[PDB]
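Encoded as structure tokens, the structure appears first; notes follow it.
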Ligand SMILES: [Ca+2]
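Okay, structure coming up:
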């Protein structure tokens with residue numbers, strides 16, 4: 009009935025498990041934020057300090073030419089200054105949490121100076137504003164993911180299920196996910212978030228949890244300016260620019276710095292940039308007046324009820340993202356979230372291109388409230404999903420159509436085959452257990468082979484080239500599954516690179532086009548079989564060149580390699596239909612390839628009492644030099660051997676490998 013008793017921390021301590029996951033126990037909120045700062049510094053200190061330095065607008069100053077473009081970009085958009093403003097604009101309670109987090113970082117570095125790379129030492133001390141600045145850069149001035168939520172009625176046990184499944188870069192520093200656990204007398208949060216963020220974006224606890232995917236919210240407008248007589252033409256008149264003289268320091272090879280002038284020009288729209296070709300472009304970013312994004316996430320993930328959650332969401336301080344919610348009470352929700360300008364005309368394509376910058380006709384000033392955006396709560400189908408598809412099949416049966424919303428909010432483009440799989444996997448299954456839920460997450464179907472091979476194979480068999488004939492039989496015998504042992508998968512990928520373009524998203528070659536009326540079974544067929552066979556001819560050559568043969572085992576070429584761990588790969592490209600994603604790189608000279616992005620933080624939660632959750636982090640929980648917690652999870656990933664996620668104090672106590680008492 010009621011959830012299990014909340015644990016009441018009586019001292020400040022971090023209990024680390026064997027995988028380098030910190031369980032931070034604090035006697036109050038600032039204590040927990042401090043411990044969290046300390047832990048992030050231990051696990052990712054170098055890259056966090058680097059990023060904070062950048063978000064200060066001091067990249068060029070600290071590290072020279074390689075960081076200058078970012079410095080100019082951030083200074084022109086007034087990011088470091090706005091962060092100082094946002095910091096002061098925090099509620100006093102949340103500002104104290106931000107101060108504590110920054111102090112935790114500083115105290116870690118103070119106590120462990122040997123753990124801090126020489127190049128980033130100059131960044132210290134960090135402040136609450138630094139924290140705010142980085143979050144500002146990340147959200148407003150910087162892939163893929165899956166998301167599932169399942170309602171009780173669709174499960175065997177009667178408890179909601181949740182999937183957290185972002186697919187960002189395995190290398191990009193600011194996209195590094197970190198797993199942590201925060202406990203105070205008043206709240207509990209478990210999950211993953213980008214390094215440097217003091218709040219957990221992919222969070223769950225005993226009561227509730229959320230996950231995120233990219234929706235590509237069009238939160239900015241690029242205005243083409245008409246330059247005339249030193250100014251710009253606007254409503255038939257020439258307006259002079261706002262001009263501000265700024266400057267920044269650039270580190271030289273000899274370790275000195277040089278002062279570089281930077282004039283920031285602004286039109287009524289926003290700051291002005293000149294492009295390569297010579298187009299003067301004013302950039303107008305929505306939601307610059309929304310200082311509460313971090314606290315919004317915090318209030319969302321510590322909500323005592325769905326009503327409280329929705330009230331926090333409705334603040335409109337989080338500028339983008341599809342956000343999916345589930346709780347132990349049994350509510351599931353999908354929200355197409357972001358800060359979207361109210362506009363009187365124009366579809367999404369119009370607002371994504373260069374918009375005329377000569378007229379107040381196109382100057383928006385207001386943004387949509389939450390109730391104007393596509394949302395689904397407890398739908399008849401008993402699930403919600405999003406795999407970066409436009410928000411038109413978030414559940415099945417659908418509860419709204421594209422007509423119900425302004426045409427500028429979201430595209431109406433063909434749903435990817437991964438997204439089609441996502442809908443099929445949830446809709447086609449009933450009486451789900453957590454085990455089965457987890458099994459479905461591993462899906463790696465070559466859906467595009469289902470759509471194309473029935474037409475391609477017979478066409479290829481009539482080609483006079485015996486090697487093309489053999490290729491057809493190889494593809495024909497394939498079970499259309501991206502398994503390690505597959506001898507046809509690599510060849511099929513190579514054919515698809517031609518048939519459907521290098522991103523596998525091309526549509527022109529299908530016989531039957533995509534249709535929202537058949538959203539999980541179109542597009543289908545091969546429009547021009549003869550042409551497709553010539554593509555296979557080329558693909559055969561490409562496969563042999565890249566991999567050495569047309570039938571090399573998929574998991575022999577596709578490897579997951581971190582430090583000295585080298586394990587076989589399975590699953591693949593989302594746009595080919597693989598739900599579980601590994602975006603394999605181009606191969607090296609031996610035909611070996613590894614994931615550029617794909618599965619990173621993967622968690623599956625059942626809101627039973629107590630909750631039960633399993634997860635993995637592909638690239639471990641630390642990237643600091645010398646850590647044992649970088650390559651220590653990837654072998655488990657290769658076997659889909661998920662860790663039980665430990666939220667209960669006694670579970671944490673049984674798993675502890677390191678104890679860090681702390682003071683605040
Ligand atoms: Ca150390």
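In the deposited numbering, the protein residues as written are 9 to 150, 162 to 683.
Just so it is clear, CB atoms sit at the ideal spot from N, CA and C, and this is done for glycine as well.
Nearest neighbour of residue i, chosen from the options [CA to CA]
i           : options               : result
residue 598 : 165, 89, 202 and 361  : 165
residue 345 : 84, 100, 178 and 95   : 178
residue 152 : 189, 390, 365 and 397 : Missing here is residue 152: after 150, the next number in the chain is 162.
residue 212 : 659, 505 and 640      : 640
residue 528 : 554, 507, 508 and 512 : 554
residue 655 : 520, 384 and 638      : 638
residue 371 : 207, 46, 567 and 426  : 426
residue 545 : 563, 587, 477 and 512 : 477
residue 65  : 86, 49, 560 and 48    : 86
residue 471 : 579, 523, 351 and 279 : 523
residue 10  : 591, 609, 574 and 324 : 324
residue 117 : 394, 317 and 45       : 45
residue 652 : 619, 632, 627 and 541 : 619
residue 342 : 92, 356 and 335       : 356
residue 289 : 278, 282, 297 and 303 : 303
residue 431 : 536, 71 and 600       : 536
residue 317 : 201, 451, 419 and 571 : 201
residue 322 : 260, 269 and 223      : 223
residue 235 : 408, 458 and 560      : 408
residue 609 : 581, 649, 496 and 563 : 563
residue 262 : 284, 18, 275 and 250  : 284
residue 57  : 89, 185, 146 and 215  : 215
Which of helix, strand or coil DSSP assigns to residue i
i           : result
residue 84  : helix
residue 102 : helix
residue 383 : coil
residue 402 : strand
residue 475 : helix
residue 543 : strand
residue 438 : helix
residue 237 : coil
residue 594 : helix
residue 143 : helix
residue 617 : strand
residue 112 : helix
residue 360 : strand
residue 120 : coil
residue 453 : helix
residue 626 : coil
residue 395 : strand
residue 553 : helix
residue 607 : coil
residue 12  : coil
residue 342 : strand
residue 261 : strand
residue 167 : strand
Where residue i falls, given that 16 or more other Cβ within 10 Å makes a residue buried
i           : result
residue 257 : exposed
residue 505 : buried
residue 161 : Shown without residue 161, the model has the chain running from 150 straight on to 162.
residue 644 : exposed
residue 625 : buried
residue 433 : buried
residue 124 : buried
residue 406 : buried
residue 682 : exposed
residue 749 : Missing from the structure shown is residue 749; the chain here goes from 9 to 683 and no further.
residue 350 : buried
residue 13  : exposed
Near ligand 3: residue i beta-carbon under 7 Å from a heavy atom
i           : result
residue 122 : What this structure holds is ligand 1, not ligand 3.
For residue j and residue i, believed in contact at Cβ under 8 Å, the rounded distance
i           : j           : result
residue 138 : residue 110 : 6 Å
residue 29  : residue 199 : 7 Å
residue 31  : residue 197 : Between residue 197 and residue 31 the Cβ distance is about 13 Å, and since that is not below 8 Å, they are no contact.
residue 378 : residue 254 : 6 Å
residue 306 : residue 358 : 4 Å
residue 514 : residue 558 : 4 Å
residue 112 : residue 43  : 6 Å
residue 615 : residue 189 : 7 Å
Alpha helix (DSSP H) runs wholly inside the region 491-526, at least 4 long, in chain order: 508-518
Can you list, in chain order, the stretches of the alpha helix (DSSP H) that have 4 or more residues and sit fully within the region 300-336?
312-320 and 325-332
ask   = What are the start and end residues of each continuous beta strand (DSSP E) run of 3 or more residues lying completely inside the region 20-104, in chain order?
value = Complete beta strand (DSSP E) runs here, min 3: 21-24 and 30-33.
request  = Report the residue ranges of all beta strand (DSSP E) runs contained in full by the region 170-233; include only those spanning at least 3 residues, in chain order.
outcome  = 180-185, 196-202, 207-213, 221-223 and 227-232
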